[PDB]
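Take a look at the structure below.
The numbers here are math on the coordinates, done by the rules we state, and not lab data. With ideal geometry, Cβ positions are generated from the backbone for all residues, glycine too; neighbour counts draw on all protein chains shown.
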Amino acid sequence: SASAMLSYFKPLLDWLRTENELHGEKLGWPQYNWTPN
Amino acid sequence: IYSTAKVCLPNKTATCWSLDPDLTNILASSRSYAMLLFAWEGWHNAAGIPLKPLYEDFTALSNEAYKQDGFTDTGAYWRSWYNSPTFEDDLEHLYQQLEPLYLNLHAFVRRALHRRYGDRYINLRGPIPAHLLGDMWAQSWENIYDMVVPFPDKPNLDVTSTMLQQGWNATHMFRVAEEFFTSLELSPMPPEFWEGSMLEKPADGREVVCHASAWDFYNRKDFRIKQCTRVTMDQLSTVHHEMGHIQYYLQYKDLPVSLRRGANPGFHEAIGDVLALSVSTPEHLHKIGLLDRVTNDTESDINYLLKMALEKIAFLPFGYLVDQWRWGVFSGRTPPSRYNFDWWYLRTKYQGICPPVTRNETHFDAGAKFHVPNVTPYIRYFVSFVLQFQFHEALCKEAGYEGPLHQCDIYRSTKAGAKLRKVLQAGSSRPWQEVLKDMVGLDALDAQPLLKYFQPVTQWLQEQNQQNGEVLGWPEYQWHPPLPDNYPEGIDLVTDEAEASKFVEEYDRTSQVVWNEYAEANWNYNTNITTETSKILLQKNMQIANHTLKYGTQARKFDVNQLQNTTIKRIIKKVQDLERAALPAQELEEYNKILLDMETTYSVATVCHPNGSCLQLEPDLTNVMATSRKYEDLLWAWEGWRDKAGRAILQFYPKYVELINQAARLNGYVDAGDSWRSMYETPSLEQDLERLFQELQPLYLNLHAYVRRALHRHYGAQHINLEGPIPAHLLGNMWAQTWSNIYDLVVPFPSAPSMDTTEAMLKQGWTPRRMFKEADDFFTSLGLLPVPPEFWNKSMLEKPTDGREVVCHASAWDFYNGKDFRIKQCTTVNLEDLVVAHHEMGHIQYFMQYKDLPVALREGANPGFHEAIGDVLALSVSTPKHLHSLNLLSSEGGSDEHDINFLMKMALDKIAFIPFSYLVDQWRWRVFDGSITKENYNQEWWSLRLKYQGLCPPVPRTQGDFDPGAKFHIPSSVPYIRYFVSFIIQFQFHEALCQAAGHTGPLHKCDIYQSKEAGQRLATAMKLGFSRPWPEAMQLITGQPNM
Amino acid sequence: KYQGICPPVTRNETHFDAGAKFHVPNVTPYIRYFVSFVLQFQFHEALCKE
Ligand SMILES: *[C@@H]1O[C@H](CO)[C@@H](O[C@@H]2O[C@H](CO)[C@@H](O)[C@H](O)[C@H]2NC(C)=O)[C@H](O)[C@H]1NC(C)=O
Ligand SMILES: *[C@@H]1O[C@H](CO)[C@@H](O[C@@H]2O[C@H](CO)[C@@H](O)[C@H](O)[C@H]2NC(C)=O)[C@H](O)[C@H]1NC(C)=O
Ligand SMILES: *[C@@H]1O[C@H](CO)[C@@H](O[C@@H]2O[C@H](CO)[C@@H](O)[C@H](O)[C@H]2NC(C)=O)[C@H](O)[C@H]1NC(C)=O
Ligand SMILES: *[C@@H]1O[C@H](CO)[C@@H](O[C@@H]2O[C@H](CO)[C@@H](O)[C@H](O)[C@H]2NC(C)=O)[C@H](O)[C@H]1NC(C)=O
Ligand SMILES: *[C@@H]1O[C@H](CO)[C@@H](O)[C@H](O)[C@H]1NC(C)=O
Ligand SMILES: *[C@@H]1O[C@H](CO)[C@@H](O)[C@H](O)[C@H]1NC(C)=O
């Protein structure tokens, strides 16, 4: 079960979600065909 | 407990079946193995389990009572009625005499049941399962006579019309019986019989079943047979039988009351049955007057004798079996722990019957019979059935009748009735052995008259068994039929063959007309795109969906596994799934709406120039891709089209995937990729395709390297490097499926001899009608039949007459009526136009070749078989020789340079298309089963594009661009692996036909023309259509079953 | 019925499993052993009583 692992990090997941929503960051990498050089 | 027992279904336990009203009807009329077995097991459990302890207690009590009476047993008391010290030995000898007839009958009936039920529930060297026969106790086999009638063409004897023709009613039957009796010096019948008895009760109470009853009020003037007389042949026979009982009563009613009831239990039934059988003879019936004309044949005689055999010979083992078990139980030789063991030993030994389910000592299968609980001896019926034929033979010998015994009669044979009266008047005064010796001259019971009566049927049965090579008896006495799959819950499934044939006939009849109307409506909408035509097409689509739902739901009640056939089994299997019609009404409406929306937003999409001009795909965007050699123009067209079409389709695609997956799951498949791969009926299709592609890889790699070198020569080094992929737009298609078919950049060596197929068509007067005619002429010359003449003047192949010409690309159309083979494609005039024309004529000829097939099989052996058959001839035509024969000039193989040039041109097509075809369809399979998620649709598409093909996106792509949605087949939701398979096997077909053409040489330039043998070989395998699995037709065409 | 044993493999009328016993082909009666087994204990009990 991965549920215990998710419960361990739940405060962090909540804070990360709040921070990402505030910063307006799109989850994932919807520019997959991108390389730095 | 016996009366009140009932069997109830696993669900809906509200009301449930009883024995006499319900269980008898199902166990006599039904032919479903699961239903018959459910009824048999349910009744036997229900009536037997709660009857064992009572029977043990009753056995002990009865034995003790009769031991106090003097007999050692209850069975000893029962046997004491016949007063024969060796009764059991006599019965065993009788059965050993009757064994050959029963063995022949048993083998014949087992063969018929094996034909009907298949060699899994019934084997030909072994017992017959108990439920499969007519009765619940396998007692009599009349209800099985439907499948066992010998030469059923001759109608069975009956005078069912003649009683309505002339007034007979009920009173006259007893009058003719009485006068027949008086025609034998038998004593007349007293007047108290006439009005004091009962014949029909209008309103005086609710009568008893009144099947048979003769009454013997012990006052010497009272005699009644309450019968509820009807007007039927068997009713007349039973009238004679009951009147024979009454005549017995009256003639022997002189001795004291103790010396009554006949010589032994079994004389009464025998005495009645002698007259009952002698009255049903056609000669006596004609002499009475109920049979106007006397036709004659041995076939009706065999039919009658076999019905009699099924009635009586099938019972005789059972009658002896029932009392043998009861004697064993009473004597103590069977403790209350070998009840079922000894019962089933006897059942297998004497009757040759096998239990359908595994039994053991908790069961009491003997208690299911009526006579075991309601304690009544049973050997009287065995004895009576033997004595009846003994008496009949003796009477006919005295009557002077010479000939077959079953046709004898004693009417107007008063001389033969004297000894009948002499035996009859004895009553119970003398032992029955002496009475029998008086009547026949024999002391004990014999089976010789019984075997003499059944001589014709037994001779016919022996001949039929010897011809069929059957083994008499049942070796493999241990064999037991296997339990049906999902037996407790799959009982209400129709597995009858006649019902399946009726369903397939009705489905063909209604589907033919509805699909013909759909074909007309599709043609009209195709050539006349408008509002009214679109509305009528939509209403016909709704009608066809409703019809398909109805008939598929009807066919889902059948059990395709238990049907014993190939054609109807295939039809029911095919129609059992619902083409998206399994979805609920709301879901089906949403699915149709989303499919229409995707098709629409792909069809009307256009990419607009910055200056304002807008370009559609089919007219000019394809052309600006094929004809332009500028990197920026090609990139603009490619990117614009992919962007517009894909971003339009991406909004709808995930919902469509979910809905199609749901429908294909409701149809019994898995995730709608299995549904699409199941058209090929190969469980290992994916591995075969991968192996074929791996075989094809080196040639494609060499061609890709050469084309990349040429494109680097033209476009320079900035746009193409010699190590790495080529951009997807520098090839000649919007999808690079048939790349560099525009091959002026990659031509191997531009020699002076070079035909111009595109220019030759314009230079010559090759109208579309005349080139289509030339294709038809070549097709006919190959050895295949021509198209009906109205095809030319009925189909359209030039131009439209509406605002939109056609959809981007479509195929040929068949109307399923055996008369219309329309064609639709029109693309001005070109070489590609010629090859597409030949492909579509191949399609039409495939459509027409299986016109004689049923509609459900009117589909083609494989989805790729259609294209392969259409395109093998097109491949043959494109050769330099056959193009030379038809308005062109080509040196063919004389100049190896021109041959290599032609091979390269033919390779830039049909290669680089194989990777693309497998690529797009493989991507779709991985999307349908959840391997590819909505997040990385484009990522996985371009990974497959780089892996199988060698292409890279000319411009960076992102998630949110739905590049796979730019193909037509992705939003239209049509499978694509058919094109890969067809391109693989069309060369197999070309090789096979060239081999049959009589020469091989350079296969790449061999052509089929006036090769009637190859055309016949193709026709003999194209005509099976879908009636047989694909490998059979592939082997017929080629010999090698697989790709 | 008496011994309470089953064939490990399925048999049919082709087989003749009664002939595998020595006494069946070599025709010798066999109930003398049953009778003797029953009788010897009767003799023993009577002798012990006497
Ligand atoms: C049944 O019908 C028969 C005739 O089919 C009736 O009996 C005859 O009735 C007719 C009337 O015209 C008389 O002439 C005959 O003499 C009668 N007897 C015979 C033997 O034909 C009879 O009454 C009817 N029975 C019932 C119970 O309704
Ligand atoms: C129909 O034909 C059969 C023969 O197929 C007749 O049977 C004959 O019966 C007479 C006495 O009635 C015997 O003497 C003959 O020897 C029989 N023939 C054979 C071949 O066995 C029968 O009588 C005919 N009529 C009817 C009404 O069945
Ligand atoms: C069982 O299948 C066979 C063929 O495998 C059927 O035989 C033909 O079936 C077609 C299609 O229904 C009929 O038009 C023909 O009349 C059949 N021919 C014969 C000689 O019967 C057969 O009908 C199928 N069985 C049933 C009960 O439908
Ligand atoms: C009796 O059973 C035996 C043993 O199962 C049968 O012999 C087998 O028969 C099958 C069917 O033909 C063959 O495939 C096997 O190879 C046979 N085995 C041997 C060892 O011979 C036998 O046929 C059965 N006999 C009868 C009369 O039913
Ligand atoms: C096509 O539809 C139009 C509707 O205006 C009608 O006039 C025309 O006859 C139709 N053509 C055919 C071939 O049915
Ligand atoms: C299809 O049949 C059902 C049967 O209940 C009917 O209610 C429905 O209206 C039919 N559909 C159409 C489009 O007529």
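Values for this structure:
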read-out: Long-range HN-HN contacts of B:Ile353 with modeled amide H, under 5 Å; value: B:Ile128, B:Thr348
read-out: Over the stretch B:907-1043, volume per residue of the alpha carbon convex hull, in Å³; value: 150 Å³
read-out: For the stretch B:469-493 versus the stretch B:976-1043, the gap between their alpha-carbon centres in whole angstrom; value: 44 Å
read-out: Globularity index of the stretch B:533-629, i.e. its alpha-carbon radius of gyration over 2.2 N^0.38 Å; value: 1.75
read-out: Percent of C-alpha pairs per 10 Å bin, the stretch B:819-860, short to long; value: 26, 44, 22, 7
read-out: Cα-based Rg / Dmax (Å) for chain B; value: 41.9, 132
read-out: Rg/Rg_globular for the protein assembly as shown, with Rg_globular taken as 2.2 N^0.38 Å and Rg from C-alpha atoms; value: 1.36
read-out: Projected label distance in nm at B:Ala170 and B:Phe749, using a 7 Å step from Cα toward the beta-carbon; value: 11.1 nm
read-out: Label point 7 Å beyond Cα of B:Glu632 along Cβ direction - residues of the stretch B:928-960 with amide nitrogen under 20 Å; value: B:954-956
read-out: Restricting the stretch B:580-682 to GluC sites (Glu not before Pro) in coil, as DSSP defines it, with at most 15 other Cβ within 10 Å; value: B:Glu681
read-out: Amide H within-cut-off set for B:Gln616, under 5 Å, with H built and near neighbours excluded; value: B:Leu621
read-out: Between helix B:316-331 and chain B: long-axis angle, C-alpha atoms, 0 to 90°, nearest 10; value: 70 degrees
read-out: Chain B: relative contact order in percent, alpha carbon pairs under 8 Å with at least 6 residues between; value: 11 percent
read-out: Equivalent ellipsoid semi-axes - Cα gyration tensor, the stretch B:438-514, angstrom; value: 47, 22, 16
read-out: 222 nm mean residue ellipticity, helices alone, for the protein assembly as shown (DSSP H n ≥ 4; -39,500 (n - 2.57); rounded to 500); value: -16500 deg cm²/dmol
read-out: The stretch B:806-927 - convex hull of the alpha-carbon atoms, volume per residue in Å³; value: 153 Å³
read-out: Label-reachable residues, the stretch B:581-606, where backbone N falls under 13 Å from a point 7 Å from B:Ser972's Cα toward its Cβ; value: B:599-600, B:602-604
read-out: Radius of gyration, Dmax [the stretch B:17-170; alpha carbons; angstrom]; value: 21.7, 63
read-out: Backbone HN-Hα couplings from phi across the stretch B:904-915 [Karplus 6.51/-1.76/1.60, Hz, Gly and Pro as x]; value: 5, 4, 6, 8, 5, 9, 6, 9, 6, 9, 4, x
read-out: Per-residue ³J(HN,Hα) for the stretch B:800-815, Karplus 6.51 cos²θ - 1.76 cosθ + 1.60, θ = phi - 60°, Hz, x for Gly and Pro; value: x, 9, 9, x, 9, 4, 8, 4, 3, 8, 9, 10, 6, 10, 10, 9
read-out: Cα-based Kirkwood hydrodynamic radius, the stretch B:169-215, one decimal, Å; value: 12.6 Å
read-out: 10 °C / 1.306 mPa s Stokes-Einstein diffusion coefficient of the stretch B:433-591, Kirkwood radius on C-alpha pairs, µm²/s; value: 72 µm²/s
read-out: Ratio Rg/Rh [Cα only; Rh per Kirkwood] for the stretch B:296-434; value: 1.10
read-out: Compactness index (Cα Rg / 2.2 N^0.38 Å), the stretch B:419-460; value: 1.49
read-out: Cβ neighbours within 10 Å from other chains - mean over B:931-939; value: 2
read-out: Debye log10 I(q)/I(0) for chain C, one point scatterer per Cα, at q = 0.23, 0.26, 0.30 Å⁻¹; value: -0.98, -1.06, -1.11
read-out: Summed residue charge, Cβ within 11 Å of B:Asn817's Cβ, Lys/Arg positive, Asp/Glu negative; value: -1
read-out: Long-range amide H partners of B:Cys952 with built H, under 5 Å; value: B:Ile726, B:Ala728
read-out: Inter-chain Cβ neighbour average for residues A:21-34, partner chain, 10 Å; value: 3
read-out: Backbone HN-Hα couplings from phi across the stretch B:238-247 [Karplus 6.51/-1.76/1.60, Hz, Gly and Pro as x]; value: 5, 4, 5, 5, 5, 5, x, 4, 5, 4
read-out: GluC sites (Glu not before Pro) within the stretch B:370-444, DSSP loop, no more than 14 other Cβ atoms inside 10 Å; value: B:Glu402
read-out: Equivalent-ellipsoid semi-axes of the stretch B:869-966, from the Cα gyration tensor, Å, largest first; value: 40, 15, 10
read-out: Percent of beta bridges antiparallel (DSSP, chain B, rounded to nearest 5); value: 50 percent
read-out: In the stretch B:392-439, the trypsin sites (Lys or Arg not before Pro) that fall in loop regions by DSSP, at most 16 other Cβ within 10 Å; value: B:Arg412
read-out: Square roots of five times the Cα gyration tensor eigenvalues for the stretch B:141-219, Å; value: 32, 20, 16
read-out: Under-12-angstrom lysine pairs by C-alpha in the stretch B:326-463, whenever the two are 8 or more apart or on separate chains; value: 4
read-out: Principal-axis tilt of helix B:977-996 within chain B, Cα atoms, nearest 10 degrees; value: 90 degrees
read-out: For B:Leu19, net neighbour charge (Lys/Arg +1, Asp/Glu -1) across residues whose Cβ lies under 15 Å away; value: -3
read-out: For q = 0.15, 0.25 Å⁻¹, Debye-computed log10 I/I(0) when each Cα of the stretch B:183-244 counts as one equal scatterer; value: -0.51, -1.24
read-out: Those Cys residues of chain B for which no other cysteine Cβ falls under 4.7 Å; value: B:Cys354, B:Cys808, B:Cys826, B:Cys952
read-out: Fraction in percent of alpha-carbon pairs per bin - 5 Å, the stretch B:504-578; value: 3, 16, 21, 19, 13, 11, 8, 5, 3, 1
read-out: Those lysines that a straight Cα-Cα span of less than 20 Å connects to B:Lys934, excepting residues fewer than 8 apart in one chain; value: A:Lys26, B:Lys644, B:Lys655, B:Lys967
